Amino acid sequence: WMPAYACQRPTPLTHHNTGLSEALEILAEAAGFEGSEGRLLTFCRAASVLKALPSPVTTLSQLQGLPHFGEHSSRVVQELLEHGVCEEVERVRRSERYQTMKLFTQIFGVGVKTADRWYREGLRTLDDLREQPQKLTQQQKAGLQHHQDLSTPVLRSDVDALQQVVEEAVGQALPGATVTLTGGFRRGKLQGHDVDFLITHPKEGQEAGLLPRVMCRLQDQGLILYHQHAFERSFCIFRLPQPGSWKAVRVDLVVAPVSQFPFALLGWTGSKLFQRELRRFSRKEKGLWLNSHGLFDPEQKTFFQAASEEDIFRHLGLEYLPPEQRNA
DNA sequence: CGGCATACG
DNA sequence: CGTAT
DNA sequence: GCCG
Ligand SMILES: [Mg+2]
Ligand code: NA
Ligand code: NA
C-alpha cells in the first residue's frame with residue numbers, strides 16, 4: 001500500500017502528520033550532527049512516509065507494514081501519540097550540542113565538520129566566532145556578517161523581483177537564454193531561505209562560458225554582496241530591495257546545456273530526499289546511473305536523451321510526479 | 001551483513 | 001573542506 | 001536505523 005522509495009509516491013507540501021514528521025526530522029538532523037548518515041537517512045525516510053499518508057496516524061497499529069518504521073521510529077510515534085511529546089526528541093532539542101551544531105551549521109560556509117571542531121574547541125555563539133575572525137574563511141565571514149538576514153524567510157514576491165533582475169543580466173550576457181525557477185519554490189513553497197535558478201539556451205553549446213558573464217553583470221549592477229569570484233554553479237548573496245532599505249538573500253545560479261536541462265531541472269527541483277531516493281531507485285532497481293547531467297546505462301554504455309522530466313520518469317518506469325508532489 | 005546519491009566550487 | 005537538490 |  002505504501003512503496004518503499006519516496007520517488008514512488010506523491011508527497012505534498014502540506015499533509016496530515018506534521019507533528020510526527022517534525023519529531024522524526026529532529027532525530028535525523030541530530031544523527032547528521034554526529035556523522036551517522038545511515039540513521040539520518042532512515043529517520044528522514046520514516047518522516048517522509050508520514051508526509052505521504054492520506055490521513056493522520058492516530059493509533060500505533062497504523063504503522064504496521066509501513067516501510068522504514070522499526071522499533072526506534074515506532075517508539076517515537078508511540079510516545080507522541082500517548083503523551084504529545086517524545087522524551088528523546090525533547091532531550092535533543094534542549095541539548096547544548098544540538099543547539100550549537102544547528103546554529104553553526106546554518107552559517108553559510110560552515111558544515112558539520114567545521115561546526116563540530118568549533119564545538120570541541122569550546123565555541124558556542126556567533127559572537128564567539130566573530131571574536132576570532134582570522135580563523136574564518138572569506139565565505140564564512142560573509143555567512144556570519146549576513147547571518148541575520150539569511151535567517152529571515154524569503155517570500156514568493158521577493159522571488160519574482162529577483163527573477164526579473166536575473167533575466168535582465170542573463171539577456172545581456174546571452175540573448176535568448178532563459179531563466180527557470182527551481183528548488184523549493186518550484187515545489188510550491190510560499191517561503192524559503194534561498195532561491196534557485198536554472199539557466200540554459202535553446203542552441204546547444206551557446207551556454208558555454210555564460211555564468212561568468214552573468215555574474216560580472218549582476219556585480220556591475222551592485223546586486224552581489226558575495227560570490228566566489230569557468231564554472232556552472234554560483235552560490236551568491238544578493239542585495240534584495242525592501243521598503244526603504246534592502247536585505248541579503250541567498251541565490252543559486254546554475255547553467256546547463258539544453259540537452260541536459262531536463263536532468264538539471266529534475267535535480268535542482270528536489271526535494272533533496274526525493275533526489276537521493278530517485279538516484280537510489282535508478283541504480284538499485286533499474287541498473288541505471290542518474291545525476292543532474294544525465295542517465296547512464298552502464299551495460300550499453302549509453303546516455304538516455306530526455307526532452308522533458310516526463311521522459312525521465314518514463315525511462316525509470318515511475319509514474320510522473322509534478323514538482324508539488326516531490327516534497328519528500 | 002552491506003548499503004545508504006551524486007554532483008560542483 | 002565548502003556548496004547544491 | 002532500517003531494508004533486502
Ligand atoms: Mg533552495
Ligand atoms: Na552551513
Ligand atoms: Na539553494
Side-chain angles (χ1 to χ4, degrees), chain A residues 11 13 28-30 32-35 37 40 44 97-112 114-119 123-126 128-130 136-137 139-163 166 179-199 211 214-215 218 224-228 231-238 240 247-256 264-276 292 323-324 326-328:
Chain A
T11 315
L13 179 58
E29 183 180 22
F33 294 160
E34 304 312 309
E37 190 71 13
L40 173 147
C44 283
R97 169 72 178 186
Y98 172 85
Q99 294 177 204
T100 305
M101 288 293 288
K102 186 168 186 66
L103 177 64
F104 286 173
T105 57
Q106 86 197 357
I107 302 173
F108 182 65
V110 180
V112 167
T114 298
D116 176 65
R117 178 172 55 79
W118 290 345
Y119 191 88
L123 303 169
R124 296 290 183 274
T125 69
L126 300 189
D128 287 334
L129 303 172
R130 295 186 167 115
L136 302 171
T137 66
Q139 187 180 48
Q140 291 164 352
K141 288 178 176 175
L144 263 181
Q145 282 155 340
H146 295 297
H147 179 271
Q148 184 184 333
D149 279 4
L150 298 189
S151 82
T152 312
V154 182
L155 312 186
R156 183 55 191 253
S157 62
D158 299 329
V159 173
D160 299 333
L162 288 162
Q163 187 160 348
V166 176
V179 177
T180 301
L181 177 66
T182 66
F185 288 102
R186 182 169 182 247
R187 302 198 308 276
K189 287 180 68 61
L190 297 184
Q191 301 180 348
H193 292 295
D194 59 85
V195 187
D196 303 295
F197 294 112
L198 177 59
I199 300 163
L211 198 43
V214 173
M215 292 310 303
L218 293 166
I224 303 301
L225 295 160
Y226 166 91
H227 67 139
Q228 293 81 77
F231 51 101
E232 66 204 45
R233 303 173 180 188
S234 283
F235 316 118
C236 311
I237 299 174
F238 274 50
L240 175 68
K247 65 173 181 177
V249 181
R250 278 277 295 106
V251 180
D252 293 331
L253 304 183
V254 184
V255 174
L265 181 63
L266 180 60
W268 281 85
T269 294
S271 72
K272 165 179 178 181
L273 181 63
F274 190 96
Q275 296 306 306
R276 297 173 74 159
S292 71
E324 295 84 354
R326 306 180 199 160
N327 285 296

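Keep in mind that the numbers below use all heavy atoms, side chains included, and drop hydrogens, waters and symmetry copies. Every chain is numbered from 1 and lettered A, B, ... according to where its sequence line falls, protein lines coming before strand lines. Counting starts at 1 for both ligands and their atoms, following the listed order.
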Greater than 12 external heavy atoms within 6.0 Å of A:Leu190's CG: no

Checking distances from the Mg ion (ligand 1), one finds that the N, O or S atom of A:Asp196 closest to it is OD2

Here the N/O/S atom of A:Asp196 closest to the Na ion (ligand 3) would be OD1

* To do: Step through it carefully: locate the ring centre of A:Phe108, locate the ring centre of A:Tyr226, and say whether they are under 6.0 Å apart.
  => yes

Of all the N, O or S atoms in A:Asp194, the one nearest to the Mg ion (ligand 1) is OD1

Under 3.5 Å: donor-acceptor pair, side chain of A:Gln275, backbone of A:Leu266:
yes

A:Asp158 and A:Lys247 ion-paired at < 4.0 Å | yes

- Would a distance-only check, ignoring hydrogens and angles, find a side-chain to backbone donor-acceptor pair under 3.5 Å from A:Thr105 to A:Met101? yes

Does the shortest distance from the Na ion (ligand 2) to an N/O/S atom of A:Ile107 fall below 3.0 Å? yes

Parallel, tilted or perpendicular: which one describes the rings of A:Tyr98 and A:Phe33, with boundaries at 30° and 60°? tilted

Check your understanding: Is there an N/O/S atom in A:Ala115 at a distance below 3.0 Å from the Na ion (ligand 2)?
Key -> no

Discussion item. Please determine whether A:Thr105 has a backbone or side-chain N, O or S atom lying under 3.0 Å from the Na ion (ligand 2).
Written reply: yes

For the Na ion (ligand 3), angle spanned by A:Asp194 OD1 and A:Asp252 OD2 (nearest 10°) is 140°

